[PDB]
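Protein chains in written order, with the authors' numbering: chain a, 1 to 50; chain H, 1 to 353; chain Z, 1 to 48; chain B, 30 to 204; chain I, 57 to 111; chain q, 1 to 69; chain P, 8 to 268, 272 to 348, 355 to 375; chain D, 162 to 322.
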Amino acid sequence: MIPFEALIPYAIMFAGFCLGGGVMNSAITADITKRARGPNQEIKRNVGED
Amino acid sequence: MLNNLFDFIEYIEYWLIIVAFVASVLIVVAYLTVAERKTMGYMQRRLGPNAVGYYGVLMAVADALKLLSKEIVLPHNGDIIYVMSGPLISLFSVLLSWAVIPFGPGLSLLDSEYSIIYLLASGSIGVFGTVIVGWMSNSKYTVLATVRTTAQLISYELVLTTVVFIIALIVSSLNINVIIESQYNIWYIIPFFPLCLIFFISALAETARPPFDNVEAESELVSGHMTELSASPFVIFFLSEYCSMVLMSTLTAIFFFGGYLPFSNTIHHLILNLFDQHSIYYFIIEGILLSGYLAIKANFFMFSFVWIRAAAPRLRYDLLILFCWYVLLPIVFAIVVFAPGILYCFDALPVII
Amino acid sequence: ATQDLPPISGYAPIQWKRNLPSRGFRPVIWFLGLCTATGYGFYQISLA
Amino acid sequence: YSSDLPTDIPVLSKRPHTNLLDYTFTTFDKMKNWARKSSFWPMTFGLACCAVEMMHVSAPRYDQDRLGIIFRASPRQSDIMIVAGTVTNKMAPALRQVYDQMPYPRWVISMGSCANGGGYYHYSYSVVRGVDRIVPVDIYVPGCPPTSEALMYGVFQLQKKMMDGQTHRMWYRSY
Amino acid sequence: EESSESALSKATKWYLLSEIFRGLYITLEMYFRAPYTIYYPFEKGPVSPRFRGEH
Amino acid sequence: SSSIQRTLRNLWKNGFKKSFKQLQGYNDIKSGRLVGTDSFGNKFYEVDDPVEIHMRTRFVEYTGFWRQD
Amino acid sequence: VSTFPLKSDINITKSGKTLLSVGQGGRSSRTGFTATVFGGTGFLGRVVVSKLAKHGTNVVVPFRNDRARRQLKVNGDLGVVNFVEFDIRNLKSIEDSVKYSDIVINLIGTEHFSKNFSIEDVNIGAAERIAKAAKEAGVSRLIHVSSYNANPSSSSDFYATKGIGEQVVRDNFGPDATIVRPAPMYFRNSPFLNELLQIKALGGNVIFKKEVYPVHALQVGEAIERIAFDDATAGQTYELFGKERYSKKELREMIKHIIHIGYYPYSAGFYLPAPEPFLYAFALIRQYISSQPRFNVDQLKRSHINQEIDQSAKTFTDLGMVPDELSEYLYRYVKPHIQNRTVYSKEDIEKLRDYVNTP
Amino acid sequence: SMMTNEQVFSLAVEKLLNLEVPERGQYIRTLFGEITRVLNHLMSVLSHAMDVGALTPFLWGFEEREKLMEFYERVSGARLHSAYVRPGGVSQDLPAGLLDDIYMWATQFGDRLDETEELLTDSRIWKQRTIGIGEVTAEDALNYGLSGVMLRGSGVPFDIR
Ligand SMILES: NC(=O)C1=CN([C@@H]2O[C@H](COP(=O)(O)OP(=O)(O)OC[C@H]3O[C@@H](n4cnc5c(N)ncnc54)[C@H](OP(=O)(O)O)[C@@H]3O)[C@@H](O)[C@H]2O)C=CC1
Ligand SMILES: CCCCCCCCCCCC(=O)OC[C@H](COP(=O)(O)OCC[N+](C)(C)C)OC(=O)CCCCCCCCCCC
Ligand SMILES: CCCCCCCCCCCC(=O)OC[C@H](COP(=O)(O)OCC[N+](C)(C)C)OC(=O)CCCCCCCCCCC
Ligand SMILES: CCCCCCCCCCCC(=O)OC[C@H](COP(=O)(O)OCC[N+](C)(C)C)OC(=O)CCCCCCCCCCC
Ligand code: SF4
């Protein structure tokens with residue numbers, strides 16, 4: 001008889017790690033990539049059609 | 001505006017990451033306290049907190065807010081230095097010790113080949129924070145838990161330090177990220193199972209958790225050092241004990257259960273093939289997955305912190321100091337002369353690739 | 001009848017002696033399992 | 030000087046909410062009181078047979094912890110004093126000292142007939158005829174001993190009173 | 057010299073915490089059992105006709 | 001009596017608003033046959049669920065929402 | 008205190024009420040009276056309520072601070088101390104505070120003003136409305152409390168409203184209303200001995216040059232007891248004070264040695283001298299920034315005024331009580347803020369006075 | 162130990178009264194003389210373990226106390242201070258169906274003791290807290306008048322039953 005009410009805090013602690021990790025993996029990757037696109041801000045932001 | 005606001009974000013982006021990091025740790029710590037009572041409640045046929053917020057979700061909120069709005073008891077009105085300084089050292093050390101834990105490959109605030117030393121050094125500052133709480137007090141119960149507190153943390157620090165160094169010896173690196181990646185083909189719980197029991201036993205003592213509970217023993221020394229703590233000094237010191245629980249549970253996952261590595265490489269591969277690597281949606285899923293593997297491994301040990309508390313009677317202090325010196329330390333030095341021998345015999349001395 | 005009484009044939013016997021049967025393998029087998037895991041573990045460490 | 034003092038301003042527990050700053054201070058009151066109601070940490074001051082029923086409230090069947098009630102062994106960490114048992118003359122000065130050491134806000138519950146008014150030992154040479162001769166008592170739980178549900182009804186009644194407090198709206202209006 | 061257990065058996069139980077791991081396991085059995093708690097004041101414990109309460 | 005199946009079945013039988021009230025004061029999602037209502041307005045149910053534990057086969061639904069006496 | 012607060016067990020009031028006391032004067036005894044202490048949750052009210060309830064006199068305590076009144080009940084037996092919620096902007100409540108009473112006491116007053124009440128509304132408006140309602144409620148005796156320098160011509164707002172407050176009472180209740188003008192009352196947790204012990208006293212030299220006469224808060228409480236229970240004190244004005252003259256600058260320094268507090275008093279901020287135009291400015295700002303009663307502008311003017319004794323009024327010898335000197339009571343009220357413990361008797365304290373003034 | 166307390170006053174007064182309880186009354190006082198003994202040790206053994214550190218075994222047993230206090234209340238009307246045993250016998254007869262509840266509790270209660278002996282009897286931490294602690298010699302126990310279990314622990318086989 002698995003108690004789901006007992007495991008509610010763990011599913012929230014699982015989300016705590018995922019929240020921090022999901023942000024760090026994506027935000028740092030996006031920033032590194034964007035600054036590696038060109039030497040000015042009008043290049044970094046926009047994506048060319050070609 | 002739209003061009004003079006984007007650069008505002010790019011000038012504030014790395015502060016939002018840190019706040020998301022701090023919130024990530026505090027959410028785990030806040031809901032660790034509930035999970036401790038919810039779990040230990042169901043092993044005692046109770047229910048645990050389920051009345052403060054739907055199913056007790058807002059239980060840490062109420063306890064923290066209740067104590068944050070209590071009257072702080074200072075020996076004299078302007079003695080805020082004495083009450084706060086003890087817990088403040090403890091909180092900063094364990095919050096700074098979170099700076100080396102990676103949630104994925106490279107996703108840690110501090111990355112340096114001396115991460116393991118930084119982690120052991122930071123913890124020893126917290127030890128200094130703990131003994132200071134009682135050492136500025138005349139209460140007999142509070143000042144009782146300094147000489148016994150000091151040696152208990154001193155004695156099991158050698159055991160915890162040596163175990164970390166044996167794992168660092170097997171990979172020949174004092175970097176947290178290198179240790180995790182070194183466990184791809186094997187998890188160090190299989191070769192070094194005895195060290196994991198020794199690591200977990202030592203981890204309990206360092207956080208003063210039961211059965212190594214003699215510092216803050218309610219039946220013995222009431223609240224220990226906290227019998228003179230109330231309102232904010234109680235929460236900050238209480239928060240520190242649970243930041244360490246989350247940390248030391250994560251450290252056991254890192255050193256013996258592969259850290260953020262997947263339980264199955266196939267399931268990891270199949271899940272990620274549903275997302276395109278050219279869109280930022282792929283990297284959110286990987287970060288959620290990689291922290292998910294760590295979270296599940298870490299949760300199992302935060303579970304075991306509570307689980308052992310509900311199953312083992314408290315261990316007597318005099319028999320507690322002799323345990324780490326006359327039993328654990330010889331074993332830990334025996335292995336540290338054993339692992340280099342096996343590695344050399346098969347020409348397998350480690351190098352940092 | 002008109003009082004609280006046990007049945008005619010009485011109640012069935014209950015369990016009151018100690019019931020703690022031991023569980024798990026022999027202690028030697030656990031030690032063999034430990035030295036198998038240690039041996040295999042250092043095989044995989046030495047391989048990598 | 031000049032004082033234009035009205036006569037029709039309702040007393041604080043009756044005053045309806047009119048402007049926005051009433052709700053702002055009311056919300057700060059509800060959030061503050063909700064936390065104090067939910068983190069109802071008493072102090073383990075069991076003295077006699079009334080304490081046995083106090084422990085049974087924490088037993089699995091009733092499980093006071095499920096409501097956020099954790100018995101604390103120190104006044105510093107406690108805000109509720111539960112007098113569970115007979116208050117003798119010899120114990121009386123200690124009870125006052127323990128009471129004075131509790132930081133505000135604090136509430137006291139009197140459980141059972143001994144604490145309430147002496148009870149069976151009302152005509153004894155060594156029993157205080159009611160703990161309300163030593164400390165202020167916020168609610169009286171009747172019984173010998175009060176059942177576990179009777180004690181929980183007393184705790185529930187006090188929480189309803191704590192949620193009715195207006196500590197901060199009082200400053201904005203009564204002060 | 058009259059201990060039936062061999063040296064290794066006594067030390068495997070000692071080093072691997074034989075009875076403690078069992079003690080944990082029995083506690084974990086309770087985790088998958090129905091608790092006892094009743095949700096007063098929405099439910100009440102049993103009462104009998106002989107009960108003494110308010111006069 | 002603690003499994004999420006027991007909470008799922010009771011959640012569906014009551015519907016949202018009845019179950020949301022129990023998720024606010026009762027802390028548990030239960031469903032039972034209605035037995036009667038008293039002079040104050042409280043309604044008293046009886047639980048037929050074969051898994052419900054010994055002392056939890058009867059309960060009340062108080063008239064108020066945020067408070068119960 | 009003693010064992011019986013009365014001189015006789017039958018006491019007839021101005022209204023023909025015959026009150027017969029029963030018992031020996033302990034907790035279970037009664038006096039037949041029924042007082043109403045306004046502001047009984049205040050500093051002076053707690054001592055006054057305690058003495059009345061200690062001897063079985065029913066006391067109605069109107070309150071506004073719900074928690075601050077709880078500790079009042081310990082002083083009286085069952086049914087003795089009664090609580091009536093009230094607000095001076097509500098009339099019905101005050102007309103119920105005095106409905107069944109036989110004595111009305113008015114300790115309500117302020118030296119600070121707030122966003123909801125000014126000093127004019129409290130020292131004058133409240134006392135007037137109390138006396139008007141206490142008269143229409145058939146109360147035999149009213150006792151009022153004002154400041155020690157009640158003078159409607161004072162430039163200070165506190166003594167401006169306190170002086171006018173005396174008139175509007177006798178102009179409302181009548182020529183029977185007693186009046187009490189206590190000196191600065193010192194006691195445990197007293198507002199007077201507090202600012203003398205407060206460490207970071209900003210503008211110390213500006214504030215502590217004011218000279219007063221110390222007086223025991225208990226004697227003021229016991230004096231109010233004798234006044235209510237005696238009908239020969241109706242319409243009389245009492246000026247309650249001590250004999251020996253003390254200056255706050257003397258006290259703030261005599262206290263300093265008892266506290267035992272070299273470099274530290276200067277570094278810790280014990281001395282914080284201040285130009286007066288700044289103090290008038292900072293105390294000006296905290297009137298609308300601080301949410302708590304801070305040392306305000308009007309209190310600053312009082313520091314320029316020493317205590318005045320209105321010699322046409324009465325003293326403790328009228329009550330047959332010897333006034334208590336601060337010499338014998340200063341020490342026991344600083345032990346909370348305080355080898356061998358250093359105990360100061362009357363001789364020790366007087367010698368300590370000599371050292372402060374000696375250069 | 163509420164009912165055994167009032168059993169020693171009943172025995173003393175009946176002894177002075179030269180009276181003897183009828184047969185059924187004596188069985189009821191033995192039946193509730195042992196229910197009370199189980200109630201006491203559940204309170205004593207398990208709170209003793211709680212001081213030593215074992216929090217959980219306390220909670221398991223105190224649900225048995227709730228189940229046993231139900232028998233106290235069903236016969237007398239009070240969970241704790243049942244004035245049931247009196248000089249001359251007991252207050253009232255047993256209610257119908259009480260025997261069938263004492264039995265149904267008795268079938269299961271044996272397993273409740275085993276789960277207590279699981280966490281404590283063989284635990285090395287429990288045996289470190291107790292073995293060699295508070296030793297009493299038989300000569301010392303008889304001199305200080307130690308009785309009950311703190312006299313049979315010292316090896317003397319004496320029992321007042
Ligand atoms: N050393 C001293 O204390 C001296 C004081 N006095 C005067 O004696 C009088 C009594 O003051 P004291 O007891 O000593 O100390 P406090 O200043 O604390 O007493 C003030 C009393 O008046 C009440 N009060 C003020 N404003 C209101 C209001 N709007 N509505 C209802 N009640 C109000 C207060 O109620 P609440 O507590 O709930 O706020 C309090 O009970 C004062 O007028 C004071 O100026 C004169 C000489 C010496
Ligand atoms: C495998 C990884 C998980 C377990 C790790 C720890 C192993 C402990 C046992 C070895 C020590 C020892 O001494 O083992 C031997 C002992 C004692 O045997 P005995 O009393 O002589 O048996 C009597 C005679 N027989 C052999 C005929 C029966 O057996 C045990 O107590 C087994 C305990 C099993 C339950 C605990 C495991 C579950 C814990 C949580 C897992 C998630
Ligand atoms: C070679 C393989 C290496 C394996 C390394 C592992 C060793 C671990 C310790 C074994 C020694 C021992 O348990 O010792 C017991 C010691 C000291 O006992 P003592 O004073 O010597 O008396 C007994 C021995 N006599 C009679 C021979 C002298 O105290 C204890 O009860 C410590 C119990 C700690 C339990 C903490 C909880 C566990 C949490 C982790 C699981 C969830
Ligand atoms: C930095 C800090 C972060 C925030 C901290 C969180 C604090 C927890 C919240 C306390 C809740 C509480 O107390 O909810 C319960 C309390 C007390 O209800 P009562 O005593 O019965 O009176 C209230 C009921 N009446 C007056 C009608 C009798 O109010 C309530 O019923 C609030 C009812 C309206 C809620 C509207 C919420 C609007 C949405 C908010 C989210 C989107
Ligand atoms: S009131 Fe009754 S149950 Fe409570 S302590 Fe007194 S005698 Fe015991």
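Ideal Cβ placement from N, Cα and C applies to all residues, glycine included.
Legend entry - CB contact below 8 Å: residue 165/B versus chain P: yes
Legend entry - Unbroken beta strand (DSSP E) run spanning residue 150/P, endpoints: 148–152
Legend entry - Span separating the alpha-carbon of residue 11/Z from that of residue 264/D: 8 Å
Inset, instruction - Output the boundary residues of the beta strand (DSSP E) element that contains residue 169/B. - result: For residue 169/B, the uninterrupted beta strand (DSSP E) run begins and ends at 168–170, by DSSP.
Legend entry - Buried or exposed by the 16-neighbour rule on C-beta atoms within 10 Å, applied to residue 119/H: Its Cβ being crowded by 16 or more others within 10 Å, residue 119/H is buried.
Legend entry - Among 30/P, 315/P, 224/P, 304/P, the one whose alpha carbon lies nearest that of residue 10/P: 30/P
Legend entry - Where residue 189/P sits in the DSSP three-state scheme: strand
Legend entry - Distance CB(residue 305/H)-CB(residue 249/H) smaller than 8 Å: yes
Inset, instruction - For chain I, find out if any of its Cβ atoms is closer than 8 Å to the Cβ of residue 178/B; answer yes or no. - result: So, interface residue.
Legend entry - Continuous alpha helix (DSSP H) assignments of at least 4 residues falling wholly in the region 257–281 of chain H: 265–272
Inset, instruction - Give a yes or no on whether the minimum CB-CB distance between residue 1/a and chain H is below 8 Å. - result: no
Inset, instruction - Between the Cα of residue 101/H and those of 270/H, 246/H, 8/H, spot the shortest distance and give me the residue it belongs to. - result: 246/H
Inset, instruction - Please name the residue or residues paired with residue 250/D in a DSSP beta bridge. - result: 247/D
Inset, instruction - Please list, in chain order, all residues of the same chain as residue 336/H whose beta carbon is under 8 Å from its beta carbon, the five residues on each side excluded. - result: For residue 336/H, where only same-chain residues beyond five positions count, the Cβ hits under 8 Å are 162, 165, 166, 169.
Legend entry - 8 Å contact criterion, which residue 263/H and residue 189/H should meet: CB distance rounded: About 13 Å; that fails the 8 Å criterion.
Inset, instruction - Identify, in the order they occur along the chain, each residue of the same chain with its Cβ nearer than 6 Å to the Cβ of residue 311/P, setting aside the five sequence neighbours on each side. - result: 163
Inset, instruction - Check whether the Cβ of residue 44/B sits closer than 7 Å to any heavy atom of ligand 4, and report yes or no. - result: no
Inset, instruction - For residue 219/H, go through chain a and note every residue whose CB falls closer than 9 Å to its CB, in chain order. - result: What residue 219/H touches in chain a: nothing, since even the nearest Cβ is about 27 Å away.
Legend entry - 8 Å Cβ cutoff, residue 71/B in contact with chain I: It does not: the Cβ of residue 71/B has no partner Cβ on chain I nearer than 8 Å.
Inset, instruction - To the nearest angstrom, report how far apart residue 37/B and residue 100/P are at their CA atoms. - result: 10 Å
Inset, instruction - Provide the residue span of the beta strand (DSSP E) that contains residue 200/B, from first to last. - result: That residue, residue 200/B, is in no beta strand (DSSP E); its alpha helix (DSSP H) goes 196–202.
Legend entry - Bounding residues of the beta strand (DSSP E) (the contiguous stretch that carries residue 69/P): 65–70
Legend entry - Closest by C-alpha distance to residue 223/D, when choosing among 67/H, 352/H, 46/H: 46/H
Inset, instruction - List the residues of chain B whose Cβ lies closer than 9 Å to the Cβ of residue 67/q, in chain order. - result: 189, 192
Legend entry - Cutoff 8 Å: residue 89/B Cβ touching any chain I Cβ: yes
Legend entry - Proximity of residue 38/a and residue 291/H at Cβ, strictly below 8 Å: no
Legend entry - Neighbourhood of residue 55/q by C-beta, 7 Å cutoff - its chain only, sequence neighbours within 5 removed: For residue 55/q, where only same-chain residues beyond five positions count, there are no Cβ hits under 7 Å.
Legend entry - Straight-line gap, residue 29/a to residue 283/H (C-alpha atoms, nearest Å): Rounded to whole angstroms, residue 29/a to residue 283/H spans 8 Å at the Cα level.
Inset, instruction - Within the same chain, show all residues whose beta-carbon is closer than 8 Å to that of residue 110/H, passing over the 5 residues directly before and after it, in chain order. - result: 99, 100, 118
Inset, instruction - Mark residue 164/D as exposed unless 16 or more other C-beta atoms lie within 10 angstroms of its C-beta, in which case mark it buried. - result: buried
Inset, instruction - Have a look at residue 210/H and residue 43/H and give me their C-alpha separation to the nearest angstrom. - result: One C-alpha to the other measures close to 16 Å.
Inset, instruction - Confirm the yes/no value for this check: CB of residue 114/B, any heavy atom of ligand 5, distance under 7 Å. - result: yes
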